[PDB]
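Enquirer: this one's experimental. Sequence and coordinates below.
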Amino acid sequence: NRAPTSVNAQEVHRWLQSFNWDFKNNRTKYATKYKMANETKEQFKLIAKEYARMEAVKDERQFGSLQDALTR
Amino acid sequence: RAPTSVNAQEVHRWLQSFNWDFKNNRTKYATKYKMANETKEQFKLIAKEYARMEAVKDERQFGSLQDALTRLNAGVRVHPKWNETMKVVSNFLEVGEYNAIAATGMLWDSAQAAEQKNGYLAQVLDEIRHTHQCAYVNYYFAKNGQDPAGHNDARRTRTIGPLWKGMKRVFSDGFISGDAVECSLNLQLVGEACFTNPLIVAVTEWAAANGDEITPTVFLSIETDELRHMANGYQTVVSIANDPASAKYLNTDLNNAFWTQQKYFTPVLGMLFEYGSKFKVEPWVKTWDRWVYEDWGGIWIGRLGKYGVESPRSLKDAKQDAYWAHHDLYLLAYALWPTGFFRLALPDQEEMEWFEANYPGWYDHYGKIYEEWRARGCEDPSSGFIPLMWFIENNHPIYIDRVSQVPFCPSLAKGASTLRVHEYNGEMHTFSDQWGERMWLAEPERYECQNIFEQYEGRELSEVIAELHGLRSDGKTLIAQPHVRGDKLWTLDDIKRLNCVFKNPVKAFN
Amino acid sequence: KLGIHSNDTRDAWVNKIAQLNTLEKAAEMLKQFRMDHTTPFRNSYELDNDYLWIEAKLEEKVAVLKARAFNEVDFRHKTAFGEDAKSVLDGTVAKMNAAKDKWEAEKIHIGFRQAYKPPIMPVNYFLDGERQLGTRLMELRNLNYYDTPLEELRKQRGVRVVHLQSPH
Amino acid sequence: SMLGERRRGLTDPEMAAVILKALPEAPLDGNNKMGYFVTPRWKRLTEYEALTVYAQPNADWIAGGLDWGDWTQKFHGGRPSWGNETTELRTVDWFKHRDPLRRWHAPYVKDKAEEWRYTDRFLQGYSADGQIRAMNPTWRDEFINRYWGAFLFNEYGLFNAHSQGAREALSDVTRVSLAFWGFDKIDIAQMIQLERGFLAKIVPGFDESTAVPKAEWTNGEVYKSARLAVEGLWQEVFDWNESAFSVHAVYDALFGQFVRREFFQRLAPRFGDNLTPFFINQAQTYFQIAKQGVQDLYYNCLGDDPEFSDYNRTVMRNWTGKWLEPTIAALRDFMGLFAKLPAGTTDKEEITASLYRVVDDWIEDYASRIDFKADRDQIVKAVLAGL
Amino acid sequence: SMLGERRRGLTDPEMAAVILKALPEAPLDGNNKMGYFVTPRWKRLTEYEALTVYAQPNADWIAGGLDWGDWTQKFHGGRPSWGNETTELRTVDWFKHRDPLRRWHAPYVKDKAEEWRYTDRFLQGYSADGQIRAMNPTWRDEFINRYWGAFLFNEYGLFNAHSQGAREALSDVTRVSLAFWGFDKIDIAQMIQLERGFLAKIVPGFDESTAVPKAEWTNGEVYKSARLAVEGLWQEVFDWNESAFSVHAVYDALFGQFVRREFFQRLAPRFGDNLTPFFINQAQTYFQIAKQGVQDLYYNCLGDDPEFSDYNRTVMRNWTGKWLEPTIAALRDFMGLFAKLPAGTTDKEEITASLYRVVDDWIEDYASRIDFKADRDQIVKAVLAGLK
Ligand SMILES: [Ca+2]
Ligand SMILES: [Ca+2]
Ligand SMILES: [Ca+2]
Ligand SMILES: [Fe+2]
Ligand SMILES: [Fe+2]
C-alpha cells in the first residue's frame, strides 16, 4: 500500500510514441526524396531526465580526472 | 519579481538563537570547564551548504580514482614497500578519523552555544567522510594493488600486533575518554594541529615519491576539511578561557595531551616514512623539529598565549627522547614482524648510506644489526630465525609502556633507556618515561590495558596468528613478511617450527 | 583449549551463568564478580584476559531476568537489588562533594562503578552519576598535578617499587 | 618551472624504472575484496558495508567486536571509551544493523547537495514567477511565521537529542545512521528559517527574526507540552538507544508527523501556499528515509534478536509507554491551534480522520513491531479531547 | 597481466624520457587562454563563453562570422548550409547572445540530473507517506488525468516547434539556448506522463494510457484553439526566430503561464493535490530560466541592436500581433474548463484577476520591450467571452 514506489524512464517511454498526433500540416519542413515510416521505433527508451543523469555521471569522472589527478 | 533566493550565511545569522534555556540544558559529560554559551564559530554553514561543498570535492576525487588513475594502473605501479606502508597509514588513520566522530559528538554535546555546537557538528560529519576516505584508500589498493592482504582486512588483522595498541591510545581512547576538554586537546589542539594536519600533507609527498598517486588524490581532499577542525580546537580554548577553572587545569591537560600524542607519533611516523619507503623526501629529525618546535610549539601555541595557554612543560623532554626514537622502534617492529598485517623490508645499500649521512652513528648500531640478521637468514623461511630470538639470546627484553602501549627496549635503545617497574595489588607495571608514570600513579583506573605479552603469554606464535586470521587467501601463507619480494613467502608452518612461545618479560623481576 | 576469544575458562563461565535462574542470584554473582576481577582494586588478576568478556555475559543474564521480574516503573527507577536508583545516585554524589581529597574521591567513584554498573542501576541514573562523580574526581586530581615528586607520589599510591633505572 | 621541481615515482623515468623493477609478477593474493570477511546483508557485499562495518575498534566484550583487551585509556573513574553500560538494550552483535538506503558519507552529501541546489533554483523561479501573489496574507504573517517557525525549535531539539548517541553508539553502522538522522533534523530546522528568510526578501514588511517564533516556542501555549517532551528526550535521557527509539519511533512519529503532514502540509495548500509544502516535501522525504533505518535497527536487529528478542521488546514497549504519554500531551496542546484558524478552514471530521491516519500509520509502522498493544480509539480520543 | 601490454608515454620510463627530452624550456606562448579573442559579456571571459562562442564556422557574410568564402557543399538548388535567408531578423553580430545562466552542456545536464534524482526521492517519500489519501478523487481522475494530461501534448508541440531552429540557428550561443529551451519542454511533457504513471501505481484503477488525455487534446473543446495555435507555431512557421519568439514571448507567456500557474498550480492545492504542483514547480522554474535567455536574445541583442533595433522591433511587433489572436482564442476556449469544476471551486472575479496577472506580467516582461501597445482590459474581455 504505502510502499516506496516511483517511475522510471522506460515506464514513461512506453507511451512516447503516442505523443505525436495527426493534422494536415504535420510534415517535415525539409526537401527530401524519402518518406520516413510513421511508426519507426528507437532502440533506447530514454526521457530527458534520465538522459541528463547518465551524461552527468560521465562528466563527473571526466572533469574530475582532468581537474585533479591529471593536473597534479 | 527579480529572481531571489537565500544563502547559508543568511540562515546562519539566526542559528545562535536556536537554543533556549531550561533546567536540564547542560552537558551530559563530566568536565572541569565551562564553555561560554555565547561562543561563536568561524564558518557560517548550514547542513545543505556543507553537503554541497563536500559533494563537489567527492566528485573530483572519485572521478580521478575511477577514471584516469585506474586507466594509468596507478594502483599497481607503486613501490612494494609503500604499498605495505599504506596498509598501516590508511587504516590506522581511519580509526583516528572514526573515533574523532564520537569525540566531536561529545564536544557537540559539551558546547552550549548553538554556533559552537554547529562547528563541532560540521566536524562530526567531516570525520565520517574521512573514515570512509581512508577506508576507500585501502579498498582501492586491495582491489587494484600488488598485494591485497592486509589492505582487505586490516580492521581485524591489526589486532594481532603491538603497534595497533598505541594507535588506539592516541587516536581512539585519547580522543573520547576523559574530560571533554582533554579529549579536545588530544584530538584538535595537539593531535590535528601538531601532527595530523602536517602528516596528511607529508604522506602525500612520500606517496608521490614512491609512485602512489592514489593517496595524494584522497588525502589532499581530506586536507581541505582541516581548517574547520583547527578553528574548532582554537574555539574550544576561547570557550573556556574565561572560566576560572581553566587557569587551574588547562595547562596540565594540554601537557598531558601533548606528551600522549608525541609519545606515539614521534617514533611511529618517522619509522613509517623512513623505513616504509624506497625514495626519501626529508629526514624525520628535520621534519619533527619544524612540526613540533617551530610550527606547533612556537607559532600555533604562541597565538593561544593570550588565553593562558602555556608551552607544554614536557617539551624539552620530548626533544631529548626523540632523536633515535623511530630508529629504535623499527628494530622491535621488524623483530616482531610475524605479528603485523604488512610486509617489511630491511634497508638496502643506498638507504643505509642515506641513514648514516642523516643520522651519524646509525650504521654502527642499527646497520650492523640488520646485516647480522640478514646474513643469519631472517629473510629466508628455511633459516628458522626470527629476530625476536636475537633479543632473547642477547638478553634484551622488550616491554610495553602500561600507559602509551609503546614498545621499548631499554637494554638496547640508543635513545631513552629509563625503566620504572612497579607492583600494585598483585599486578606488575612497566613505564618508559616520567610523564606516563605520573599519569598511571595518579589515575591507575584509567590505564588497565593488557599488553600483548600478557594476552599471548604461554601461547605458541603460529597459534595466535592462525586464530586471529593472520593468513592470506591460501590459508597457509602469512600476511606479514620479513621482506617485500614475491618469492619465499613465510607460511604458518615456517613459524610453527620456530616453536616461539610468548613470555611476560616483567615476570623476570619476581 | 587455549585461545584469545574462545578458551576453556570462558566456556567454564558460560555454563556457570547458565545455571543461574534468579535475579537475586544473578545480580549478586555480578556484584561479586566486579569486586573480584575489575578495577585496580580487584581481589585478583587471575581473570585479567577474560573478565571483560565474562562480565558482559553475566550482565546479559541479569538484564534478561530483571526485565521479567520488574514492572515498567521499577525497571526505570529501581536497581536490580531493590534499591531506589535516584536515592543511591543523590547519596553517592553527596559523599563525593564532601570528599576531602582526590584519594577519597577516587574510592567513591570506583566503588560506585563496581556496585551499580548496569544491569544493576538503570543506565539513565548511572551515566548521570558518572557525569557528576567524574567531574568532582578530576577537579581534585588535576589541581597542582605536578607538585608532588614521583618519589612521594609512589608512596602515596602505595605501590611496591621493584626496579628503577635512569641514566639521566 | 613548466615541469616543476618535484619528481613523481609514477612519471619519473628513473624512479619509475626502480619501482617497476621491484614489482612482483602478479598480486601476492588474489583476494582483492576489502571487507570480504564481513557477512553480507544482501546478495553481494556492498560498497556501503565494506567501507563501514568494523571501522569501530570494539573488542569482543562488546557484542560483535573483533578486537581484544581493554581500552588503552578510560575516563577518570574507569568508565570505558565505549561499553555495554551505556544502553539497556542487548544484542548478539552490534554490527548487524544496515541502513536500507546504504548511505555512507558520499551518497549522503550527494543527495542533500542536489536538494540544496534545486532548492535555490526553485526559490529563484518562485520569486521570478510572482507566485507569492496568491498566498493568504494571514496564513503567511501568522501561521507560517509564528507557528511554523516555532516548530523549528522542536526539530532543533530533536537534532540535539542525537549528540550523546553520536558519542556512545556501539557500532559504526549504527553511528552513521544516527548521525544522518540527526543531521537531517537540523537541516529541516534550518529550512524552516530559510523559508522565513525568503519571505522576508519578497514580502516588504516580513521580519525574519526568530524572536516571534521563539517566544511562541518558549513561552507559547500551542507547543508547550511539545517543548517539554523535547527538553526531556534530549537532556533527561542518557541511554542513546532510548533517545533514538523514543524520538523516532514514538514522539516524532506521532506529534511531528501530525504537525508536518496533517496540519501544514494539509492546510497550507488551502491558503495558496505551495512554498511551505516545498520544504515539508523534504522533511517528509527525510522522515521516510530515516524511518527505514530506525525500523531495521530496533525491529529487524534488536527487537528480533535471536537471543534478546523478548528482552529488547520489553524494554522498548516500556519506552514506548513511557513517552507515548508526553507525546499525546504534546498533541493535545497543539490541537488548540485550530481555534486560531479562520472560520471554515477545517472541521472536526477532518482532524479526526487525520489523527487516525497518524495513529494508524504509527501502529502499522512501529507499535505492532514490538507487540505494543495501543488502542487507536483511546489515543485519538485522548488527543482529540483538546480542541 | 598485472602491468598490461600497452606502454604509455606518460608512465613508461623509456618513452617518457624521449618525450621530456623534446620539450621546450617553457611554453612557446604565454597566452594560455582559449577564446581570449572573444569579447566578454561580463567582467572576465567565462568558461561558457570560451567553450561555445565561434564554434559555428560562419563566414563574414553572416553577421559576426570570422571565416571567409562560401560553404563547401550546399543544398540542391544552391541554398546555403546556414544563411541570412532563414530569418526576417537582422543584426550586427549573431554571436552577441549570452544565456544569462551561462549554460553549456555540463552544467545543463547536471541540474536536470539533480532534479531527476530528487524527483524519484520525492515520489518514494510521497507514496510511502501515503499523502495520496487526502487527494480529492474527482480532481485526480478528471482534472489531472484528462485535462492536465491533455496539456502534455501542448508542451510536446512547443518542443517540436524547436526542431527547425535547432537546424537553422545562426550562431552557437543561440543554437545551444534554443536546444535547451526545447529540451526543457519535452521534459515537462514527460513529467506530466510520469505523474500519470505514478498515480497508476498508487491508485487502483487509474489508467496511465494516454488514450484519454490525447482524445481530449485532439477532439475536445477546452484545448481546441490551443492545439490549433500549437499546430501552427510548429508546422506553419518556417522562420526559426518567429518560431522561438512567438512560442516563448507570446503563446507560452500567455496561454502557457495561465494554464500552468493560474489554473493547475492555483487550484490543485484546493483539492489536496501537492503532487501536481511538485512538477509544475519544475515547469515554472524552466519557464523562468528560458525567459532570461529569450529576453537577452530578442530584446537585449536584437530588439536593441545598434543598427537594426527599429527594424527588429517592427518585425517582432508584427509577430506579436500575428500570434496574439490565436493565443487569445486558445485562452478563450480554455475558459470552458472552469464550468467543469465542482461548484464553489472558484469564481469569475478570481478568474479575471488571475487573467490580469498573466497579461500584466506579459506586458511587463515582453510587450513593452518592443513597444507593442497592448490593451490589458481589451485582451481579458476577449478571453472572458469564453466563460460558459
Ligand atoms: Ca469550441
Ligand atoms: Ca468572490
Ligand atoms: Ca484599455
Ligand atoms: Fe579528519
Ligand atoms: Fe580534522
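Expert: That came through fine. Numbering: from 1, shown residues only, chains lettered A, B, ... in the order given. Ligands and ions are numbered 1, 2, ... in the order given.

Enquirer: element containing the one residue in the stretch 151-300 of chain B that gets nearest to ligand 5, please.
Expert: In the stretch 151-300 of chain B, the residue that lies nearest ligand 5 is residue B:229 (3.4 Å; C-beta to the ion). No exception for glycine: its C-beta is placed from N, CA and C like everyone else's. Assigned by DSSP states H and E, residue B:229 belongs to helix B:226-240.

Enquirer: in the helix or strand following that helix, what counts as buried?
Expert: Next in sequence after helix B:226-240, counting helices and strands by DSSP H and E, comes helix B:244-275. Buried positions in helix B:244-275, judged by neighbour count with 16 or more other C-beta atoms under 10 Å in any protein chain shown: B:245-246, B:248-275.

Enquirer: what's the local residue count around the nearest residue to residue D:382 once chain neighbours are set aside?
Expert: Once flanking residues are discounted, residue D:382 sits nearest to residue D:328: 5.3 Å by C-beta to C-beta, 6 or more residues apart in numbering or on different chains. By other C-beta atoms under 10 Å in any protein chain shown, 22 other residues sit near residue D:328.

Enquirer: how about the residues of the stretch 101-250 of chain B near chain C?
Expert: B:179, B:245, B:248, B:249 (C-beta under 8 Å from any C-beta of the partner chain).

Enquirer: the strands in chain C, which residues?
Expert: C:160-165 (DSSP state E).

Enquirer: near chain D, which residues of it? Just list them.
Expert: C:4-5, C:38-39, C:49, C:52-53, C:55-56, C:59-60, C:63-64, C:67-68, C:72, C:75-76, C:106, C:109-110, C:112-113, C:117-119, C:122-128, C:130-131, C:133-134, C:137-138, C:141.

Enquirer: can you list the domain ranges for chain C.
Expert: C:2-69, C:70-142 (curated CATH domains).

Enquirer: quick one: the longest one to chain centroid distance?
Expert: By that I understand domain C:70-142. Centroid separation for domain C:70-142 versus its chain: 10 Å, with C-alpha atoms, centre = their mean, to the nearest Å.

Enquirer: that older thread, surely the residue of the stretch 151-300 of chain B closest to ligand 5 is in contact with residue B:192?
Expert: Yes - assessed by C-beta atoms under 8 Å, residue B:229 is found in contact with residue B:192 at 5.4 Å.

Enquirer: sorry, back to before: look up how far residue B:505 lies from the residue nearest to residue D:382.
Expert: 64 Å (C-beta to C-beta, to the nearest Å).

Enquirer: point me to the residue of chain B nearest chain D.
Expert: Chain D sits closest to residue B:105 of chain B, with a gap of 2.7 Å, by C-beta to the nearest C-beta.

Enquirer: tell me who's in contact with the closest residue to that residue other than its chain neighbours.
Expert: Setting aside the residues directly before and after it, residue B:105 is nearest to residue D:166 in space (C-beta to C-beta, 6+ apart), at 2.7 Å. Contacts for residue D:166 were tallied using C-beta atoms under 8 Å, 6 or more residues apart in numbering or on different chains; they are B:101, B:102, B:104, B:105, B:106, B:108, B:109, B:124, D:175, D:178, D:179, D:182.

Enquirer: and what about residue D:361, helix, strand or coil?
Expert: helix (DSSP: H, G, I helix; E, B strand; the rest coil).

Enquirer: give the burial count for it, as a bare number.
Expert: For residue D:361, using other C-beta under 10 Å, the count is 18.

Enquirer: please look at it and residue D:254 and confirm they touch.
Expert: No - using C-beta under 8 Å, residue D:361 is not in contact with residue D:254; the gap is 9.3 Å.

Enquirer: can you tell me the element the residue of the stretch 51-200 of chain D found nearest chain B falls in?
Expert: Among the residues of the stretch 51-200 of chain D, residue D:166 lies closest to chain B, at 2.7 Å counting by C-beta to the nearest C-beta. Element membership for residue D:166, per DSSP H and E: helix D:163-168.

Enquirer: mind listing what the most centrally placed residue in chain B touches?
Expert: For chain B, the residue nearest the mean C-alpha position is residue B:167 (4.8 Å; C-alpha atoms, centre = their mean). Residue B:167 makes contact with B:92, B:95, B:96, B:264, B:268, according to C-beta under 8 Å, 6+ apart.
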